[PDB]
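Engineer:
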Amino acid sequence: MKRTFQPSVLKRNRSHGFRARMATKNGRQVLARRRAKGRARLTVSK
Amino acid sequence: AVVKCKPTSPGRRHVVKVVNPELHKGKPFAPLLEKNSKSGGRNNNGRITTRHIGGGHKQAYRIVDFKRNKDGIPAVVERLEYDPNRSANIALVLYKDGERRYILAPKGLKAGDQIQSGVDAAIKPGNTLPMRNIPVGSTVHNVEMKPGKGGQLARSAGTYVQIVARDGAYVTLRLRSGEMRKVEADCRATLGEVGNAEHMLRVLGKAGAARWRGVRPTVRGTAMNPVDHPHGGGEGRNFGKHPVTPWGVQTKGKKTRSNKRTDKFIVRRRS
Amino acid sequence: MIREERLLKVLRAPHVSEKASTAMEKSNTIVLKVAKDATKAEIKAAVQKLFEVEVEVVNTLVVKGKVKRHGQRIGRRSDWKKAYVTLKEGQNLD
RNA sequence: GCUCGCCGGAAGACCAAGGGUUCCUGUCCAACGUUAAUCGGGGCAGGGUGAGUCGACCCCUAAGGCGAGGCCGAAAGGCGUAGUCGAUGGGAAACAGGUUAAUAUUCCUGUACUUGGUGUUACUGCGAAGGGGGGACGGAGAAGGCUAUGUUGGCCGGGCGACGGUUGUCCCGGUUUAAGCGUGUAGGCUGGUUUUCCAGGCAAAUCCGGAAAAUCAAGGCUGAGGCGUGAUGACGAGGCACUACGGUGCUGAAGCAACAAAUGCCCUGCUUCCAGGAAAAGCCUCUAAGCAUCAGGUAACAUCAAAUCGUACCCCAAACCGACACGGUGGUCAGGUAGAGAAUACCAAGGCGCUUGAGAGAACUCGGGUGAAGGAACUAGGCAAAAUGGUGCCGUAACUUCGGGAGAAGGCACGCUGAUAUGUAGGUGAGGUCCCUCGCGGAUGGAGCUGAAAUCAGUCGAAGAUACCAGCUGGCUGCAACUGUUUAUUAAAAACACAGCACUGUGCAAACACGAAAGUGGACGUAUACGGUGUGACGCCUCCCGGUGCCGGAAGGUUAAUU
RNA sequence: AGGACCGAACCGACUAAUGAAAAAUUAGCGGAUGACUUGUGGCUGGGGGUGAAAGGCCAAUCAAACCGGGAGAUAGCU
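Top line first, the protein sequences correspond to chains m, h and 2. Note that the entry's author numbering gives residue 13 to position 13 of the first sequence, counting from 1, and the numbers run on in steps of one. Every position in the second sequence, counted from 1, becomes a number in the entry's author numbering once 1 is added. Note that the entry's author numbering gives residue 29 to position 29 of the third sequence, counting from 1, and the numbers run on in steps of one.
(1) For the alpha helix (DSSP H) containing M181 (chain h), list its first residue and its last residue.
(2) Measure the alpha-carbon distance for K36 (chain h) versus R214 (chain h) and round it to whole angstroms.
(3) Could you tell me the boundaries of the alpha helix (DSSP H) in which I43 (chain 2) lies?
(4) Can you check whether the CB of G196 (chain h) is closer than 8 angstroms to the CB of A89 (chain h)?
(5) Using only alpha-carbon positions, find the residue among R43 (chain h), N46 (chain h), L34 (chain h) and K97 (chain h) that is nearest to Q60 (chain h).
(6) Which class does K59 (chain h) belong to by DSSP, given the choice of helix, strand or coil?
(7) For a quick check, are the C-beta atoms of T129 (chain h) and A123 (chain h) less than 8 angstroms apart?
(8) Could you check what DSSP says for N86 (chain h) in three-state terms: helix, strand or coil?
(9) Compare the beta carbon distance of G222 (chain h) and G233 (chain h) with 8 angstroms and say whether it is the shorter of the two.
(10) For the region 180-249 of chain h, list the beta strand (DSSP E) runs that are entirely contained and at least 3 residues long, ordered along the chain.
(11) Give me the DSSP bridge partner(s) of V58 (chain 2).
(12) Can you tell me whether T51 (chain h) is buried or exposed? The criterion is at least 16 other CB atoms within 10 Å of its CB, across all chains shown.
(13) Below 8 angstroms, can you find three or more Cβ-Cβ pairs linking the region 3-10 of chain 2 to the region 62-79 of chain 2?
(14) Quick one: grab the DSSP three-state call for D114 (chain h).
(15) Quick one: what's got a C-beta closer than 6 angstroms to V16 (chain h)'s C-beta in the same chain, skipping five residues either side?
(16) Is the number of C-beta pairs between the region 31-43 of chain m and the region 171-183 of chain h that are closer than 8 angstroms three or more?
(17) If we count the other Cβ atoms within 10 Å of its Cβ and call it buried at 16 or more, is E82 (chain h) buried or exposed?
(18) Could you say which of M132 (chain h), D229 (chain h) and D114 (chain h) lies nearest to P126 (chain h) if we only look at CA atoms?
(19) Which whole-angstrom value is the C-beta distance of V20 (chain h) and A2 (chain h), which I expect to be below 8 angstroms?
(20) Let me check understanding here. Comparing Cα to Cα, which of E79 (chain h), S10 (chain h), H53 (chain h) and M146 (chain h) lies closest to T191 (chain h)?
(21) Looking at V162 (chain h) and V144 (chain h), is the spacing between their C-beta atoms short of 8 angstroms?
(22) Count the other CB atoms within 10 Å of the CB of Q6 (chain m); is the residue buried (16 or more) or exposed (fewer)?
(23) Skipping 5 residues on each side, what residues in its chain have a beta carbon closer than 6 angstroms to that of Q117 (chain h)?
(24) For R212 (chain h) and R258 (chain h), I'd like the C-alpha separation in whole angstroms.
(25) Among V245 (chain h), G119 (chain h) and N260 (chain h), whose alpha-carbon lies nearest the alpha-carbon of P231 (chain h)?
(26) Among the candidates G151 (chain h), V77 (chain h) and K71 (chain h), whose CA atom is the shortest distance from the CA of residue 291 (chain h)?
(27) Going by alpha carbons, who is nearest to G169 (chain h) out of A186 (chain h), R175 (chain h), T160 (chain h) and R156 (chain h)?
(28) Which residue wins for smallest C-alpha separation from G41 (chain h), given the options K28 (chain h), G159 (chain h), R217 (chain h) and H142 (chain h)?
(29) How about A158 (chain h) and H142 (chain h): do their beta carbons lie closer than 8 angstroms?
(30) With contact counted as at least three CB pairs below 8 angstroms, one residue from each stretch, are the region 64-73 of chain h and the region 100-109 of chain h in contact?
(31) May I ask which residues mark the beginning and end of the beta strand (DSSP E) holding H70 (chain 2)?
(32) Might you give, ordered along the chain, the residues of its own chain that have their beta carbon closer than 8 angstroms to the beta carbon of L50 (chain 2), omitting 5 neighbours on each side?
(33) Just the Cα atoms here: how many angstroms apart are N28 (chain 2) and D79 (chain 2)?
(34) For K261 (chain h), count neighbouring Cβ atoms within 10 angstroms of its own Cβ and tell me buried if that reaches 16, exposed if not.
(35) What do you reckon, are the CB atoms on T60 (chain 2) and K33 (chain 2) nearer than 8 angstroms?
(36) Pick helix, strand or coil for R3 (chain m), following the three-state DSSP scheme.
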């Protein structure tokens, strides 16, 4: 059965990666929040 | 000519082709072509703005000349061509100076026919001249509304406009709708009827044909649930409401012209 | 023209292994560990100056670091660049 | 190790995606592995991924994204021009063999190619953000020419049979060889060459386009395959020396022909159809500003250059997505016998026996087999099973929109052997002989090779479409015309859609829709068009305006802000 | 020629019996040149999308997704 997650690296990056996040204000905010939290992996970026 | 297809399958039974042999069997004039990608009836916001558009065959855009400005140079008609972008047929013409253009093919036109734009040009089919120069009572097509703009009225397969009157700086056109309309007399117009007049006799004959013409299916409001359309819901087949668009506006009869800027030009509305 | 200083920095070590040995013996090709940033030309230059030996050609590759586990904690070894440097016929290297 | 069994259009081989060391070696067996484990995709250590020509990067663009100014918006921000990004598409170049425990079009061996500089001598119009060409394109169909590949014969090497026969019309194996360079064929496209002029191609153009005129019927472009060379080489069945029983080193015969033949190539072709079928660069060409006897261009030749990143391994799976060593997952390769076939059966190459076994042979459950007599009596319902099942030929009703219905129904023939005919009809096609504008040419010729289908005669069996494979049929009737679509995971239908029909709106800055707006879709469309609504092929058809809507009217009554 | 026919791949899911499986199995079944199917990338966003329309689908979630916040909502009820 075709399950929901069907990985594709480029797609992932474009969607969720650092640059995408940077591009918008909300993305930036998210990043900031993550930083505040103390996340080790700030984004999906490898 | 129209051709009723033999019923060798259902979905072919009710098909009627409109088969013109005089069209060019060949690749079109490639310099006048350009790309034309499909919308899916969706705007820059990405939302569907006009339902039921989608798919259909890839099509190039033939760059048709509706402005028709080669004044004084006589052109000769090379060939008639199928245009997928319109109900009419187009005609590749060749000016004496070596330029080619596509034009709407008018009714009588065929390969070898000479045509001409300009004030001086002969009042014959396919020739183009300002409506002050065109005799009253004549049938014209590809009619400009603003001088210099390009033909906007009567472009469709078997349309034409009657010049009913010329009163000073304006002329009154009897448009195909039945609307009588004032138009500046310096606006250009092509003599005769536009070509492909048996276009309306064609019958698609199956669902697939429609699809091929980029038309997705249309669901009836009454078949929906109330959350979707004003007509929706009802156990079994109900419909106890005045017909309306998907956005609640009356559909059987309610007029929607709001343009107060061009009310002056409309001599009489259609009926 | 590569700088002397740069050249010195380029070459990290000789690589000892069976394959390397074989290369040395049969094909006259030495297997070096080099700086990850070191391009082929640079490497060649280094070889020529620092080992005093004519170079035919340099093939490079990047070796990826193995992931290991020291007790409970996971940790990755570093990536590093390997270079097969083929010396010209008759060139004997100390 | 020897048997046995299973897959073989895969359960084999090679990739993409995704994973990220799972690869190979040594070593260890606590845990992990549904049991044991000496084994492992487990633990620990070490090793392993080699590129000018494969892929990325790179040049070019599609959908789309971002977007200087800009337009718009309380703010945030939205849209968008110039531009700049974006492959899933376009763009230079490598093949064969050998090798590692583990990499290879990457190493080695041989033999190649490419496009850049730099320098040269030789020549002499070069030059783009511009012009033109080209790139550059659909579906279906039909062949014909080919090859991959296979079969048989020849050849070469080996064999003479654990049991009757087996020196022959006998048995086993092999019989392979690239890119490149040269040739330019089957075949496809197009008339060429020169001269003159011209409101066209944002300017110019010797280019393209258009007009004339002259003169020659062959000119050019394209093109699989073959042939030659590449190759006195490589590979080569197996023999022979050493042996850490893993292998290593030497050696090496023949290496042809015919027939059959793709869904691959010629073919981005041809024929045809309507639903009318990307873009931009590379590439070719034309000039402008310019420079002017300099640069730049093409000419060969020399030299230098091609960086960087990926390359292990899994990849229909125990390594990816499914919590698991548990269904899903795009591309490429496609042997034999039978067969229409990529179906099916048995096999090859290759890969596996699915990580608990051992007994026993109760009830009951699951999955199968057979069944006296009866044959739907079962049951809500013939549910399920049983049956039908192939090719050829004969034959086939109502009704019909004249196409259908129809594979209607129903029947007959079917193996093997011999003969017709030591193998026919056909297919292919070598020598020889003749012609010739000389070649991959044309004629004639028929050797050899291949080879159905039929008829007649015999013959075996209970049974010849013998297995696997492979329609059940007919009669009346509701609904929906039809092919389609639908409740991912209890509903596939009579529901939705549909061609068709009708009403209605909409004159273009269209109606309408998404947007505080700018704008965008509608549409680069223009009433034979577009939107909405209902109805739903085809046939025969299809009173009430009092109520509620809509349309038109505006005499009077009533009536807002305002005053 | 064909939204033509029979039929593998491929796409589906009508009948049947039966956790390996949070929808599968085996045996049959429908479509199979098209209103087909499929890879890669793109776009549409929550009273919003998309919908051959079932209130279907929008990450095992849908008559209004998920995450965080208002928030210790309120609970004459248990």
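C-beta: ideal position from N, C-alpha, C; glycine also.
Structural biologist: So, from the data block:
(1) In the second sequence, counting from the first residue as 1, residue 181 (chain h) sits at position 180. Not the alpha helix (DSSP H): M181 (chain h) falls in the beta strand (DSSP E), residues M181 to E185.
(2) Along the second sequence, one-based indexing puts residue 36 (chain h) at 35. Along the second sequence, one-based indexing puts residue 214 (chain h) at 213. Between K36 (chain h) and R214 (chain h), the C-alpha separation is close to 18 angstroms.
(3) Here the question's residue 43 (chain 2) lines up with position 43 in the third sequence. Here the alpha helix (DSSP H) through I43 (chain 2) covers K40 to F51.
(4) Within the second sequence, residue 89 (chain h) is the residue found at index 88, counting from 1. Within the second sequence, residue 196 (chain h) is the residue found at index 195, counting from 1. Their beta carbons are under 8 angstroms apart, which means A89 (chain h) touches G196 (chain h) by this criterion.
(5) Along the second sequence, one-based indexing puts residue 60 (chain h) at 59. Nearest option by C-alpha distance: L34 (chain h).
(6) Here residue 59 (chain h) is taken as the residue at index 58 of the second sequence, counted from 1. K59 (chain h) falls in the coil class under three-state DSSP.
(7) The residue given as residue 129 (chain h) occupies position 128 in the second sequence. The residue given as residue 123 (chain h) occupies position 122 in the second sequence. Result no, Cβ atoms of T129 (chain h) and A123 (chain h) do not sit closer than 8 angstroms.
(8) Taking the first residue of the second sequence as position 1, residue 86 (chain h) is located at position 85. DSSP places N86 (chain h) in coil when its eight states are reduced to three.
(9) Your numbering for residue 222 (chain h) matches position 221 in the second sequence. Your numbering for residue 233 (chain h) matches position 232 in the second sequence. The answer is yes: Cβ separation under 8 angstroms.
(10) 181-185 and 189-192
(11) Translated into positions along the third sequence, residue 58 (chain 2) becomes position 58. According to DSSP, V58 (chain 2) bridges with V85 (chain 2).
(12) If you number the second sequence from 1, residue 51 (chain h) lands on position 50. Per the 10 Å Cβ criterion, exposed.
(13) no
(14) Position 113 of the second sequence, counted from the first residue, corresponds to residue 114 (chain h). Here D114 (chain h) sits in coil by DSSP.
(15) Here residue 16 (chain h) refers to the residue found at position 15 when the second sequence is read from its first residue. Correct list, in chain order: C6 and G206.
(16) no
(17) Taking the second sequence and counting its residues from 1, one reaches residue 82 (chain h) at position 81. That one is buried.
(18) As a working mapping, residue 126 (chain h) is identified with position 125 in the second sequence. Closest by alpha carbon: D114 (chain h).
(19) Working through the second sequence from its first residue, we reach residue 20 (chain h) at position 19. Working through the second sequence from its first residue, we reach residue 2 (chain h) at position 1. With a Cβ gap of about 6 angstroms, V20 (chain h) and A2 (chain h) count as contacting.
(20) Within the second sequence, the letter at position 190 stands for residue 191 (chain h). Measuring from the Cα of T191 (chain h), the nearest candidate turns out to be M146 (chain h).
(21) For the purposes of this step, residue 144 (chain h) is identified with residue 143 of the second sequence, where counting begins at 1. For the purposes of this step, residue 162 (chain h) is identified with residue 161 of the second sequence, where counting begins at 1. Yes; because the gap between Cβ atoms is below 8 angstroms, this pair is in contact.
(22) Position 6 of the first sequence, counted from the first residue, corresponds to residue 6 (chain m). So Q6 (chain m) counts as exposed.
(23) Position 116 of the second sequence, counting from 1, holds the residue named residue 117 (chain h). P75 and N128.
(24) Within the second sequence, residue 212 (chain h) is the residue found at index 211, counting from 1. Within the second sequence, residue 258 (chain h) is the residue found at index 257, counting from 1. Taking the straight line from one Cα to the other gives about 31 angstroms.
(25) Counting from 1 along the second sequence, the entry for residue 231 (chain h) is found at position 230. With distances taken between Cα atoms, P231 (chain h) lies closest to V245 (chain h).
(26) Chain h is shown only over 2 to 272; residue 291 (chain h) falls outside these bounds and no answer can be derived.
(27) The residue given as residue 169 (chain h) occupies position 168 in the second sequence. Of the candidates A186 (chain h), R175 (chain h), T160 (chain h) and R156 (chain h), the one whose C-alpha sits nearest the C-alpha of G169 (chain h) is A186 (chain h).
(28) Along the second sequence, read from residue 1 onward, the residue named residue 41 (chain h) stands at position 40. That would be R217 (chain h), whose Cα lies nearest to the Cα of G41 (chain h).
(29) Within the second sequence, numbered from 1, the residue matching residue 158 (chain h) stands at position 157. Within the second sequence, numbered from 1, the residue matching residue 142 (chain h) stands at position 141. No, the pair does not count as a contact, with Cβ atoms beyond the cut-off.
(30) yes
(31) What you label residue 70 (chain 2) is simply residue 70 of the third sequence in a count that begins at 1. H70 (chain 2) -> beta strand (DSSP E) spans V67 to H70.
(32) As a position in the third sequence, residue 50 (chain 2) is number 50, starting the count at 1. Within the same chain, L50 (chain 2) has close Cβ partners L7, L8 and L11.
(33) Taking the third sequence and counting its residues from 1, the one referred to as residue 28 (chain 2) is at position 28. Taking the third sequence and counting its residues from 1, the one referred to as residue 79 (chain 2) is at position 79. Their backbone Cα atoms lie some 26 angstroms apart in a straight line.
(34) Here residue 261 (chain h) refers to the residue found at position 260 when the second sequence is read from its first residue. The residue is exposed, with fewer than 16 neighbouring Cβ atoms inside 10 Å.
(35) Along the third sequence, read from residue 1 onward, the residue named residue 60 (chain 2) stands at position 60. Along the third sequence, read from residue 1 onward, the residue named residue 33 (chain 2) stands at position 33. No, Cβ-Cβ distance for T60 (chain 2) and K33 (chain 2) is not below 8 angstroms.
(36) Here residue 3 (chain m) refers to the residue found at position 3 when the first sequence is read from its first residue. Three-state DSSP puts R3 (chain m) in coil, outside helix and strand.
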